[PDB]
């Protein structure tokens, strides 16, 4: 994906205000609650059979934070997302066989977590910029499929 300087600024201005681990814990938690088949990939974490269990699980919190730190690193490499995410693409595609639609769903959960915690800053224009970058990260993660 190509992002304009305006879009990149809308993204990075908000990102400087974001608690990356808290966004990550919420986004991954919401993924598992809203799209329950995604739990199949994370059985080792413990009981994921209720929203209550998912949202209190320590591994969901720590893994969510790890995912969002990885996303943050991506934001430093907006002109080379495919290269940045190549090793993770090999992992998620060749080893884990995650269907790429699920990458887009997790991106949408990050968007929802941002709206929840930063409503005044998460304007329609700023959302639009984030939709482009979450789509870009999903496309990069899916590259080994193509």
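Residue numbers count along the first chain shown, from 1.
Student: If you average the CA temperature factors over each stretch, which comes out higher, 88-96 or 106-114?
Tutor: Higher mean C-alpha B-factor: 88-96.
Student: On mean C-alpha B-factor from the PDB entry, just flag whether 121-129 or 15-23 is the higher one.
Tutor: In the deposited entry, the stretch with the higher C-alpha B-factor mean is 15-23.
Student: According to the deposited entry, which of 69, 54, 78, 34 has the largest Cα B-factor?
Tutor: Highest CA B-factor of the listed options: 78.
Student: By its CA B factor, does residue 44 count among the lowest, middle or highest third of the modelled residues in the chain?
Tutor: As the PDB entry reports it, the C-alpha B-factor of residue 44 lands in the highest third of its chain.
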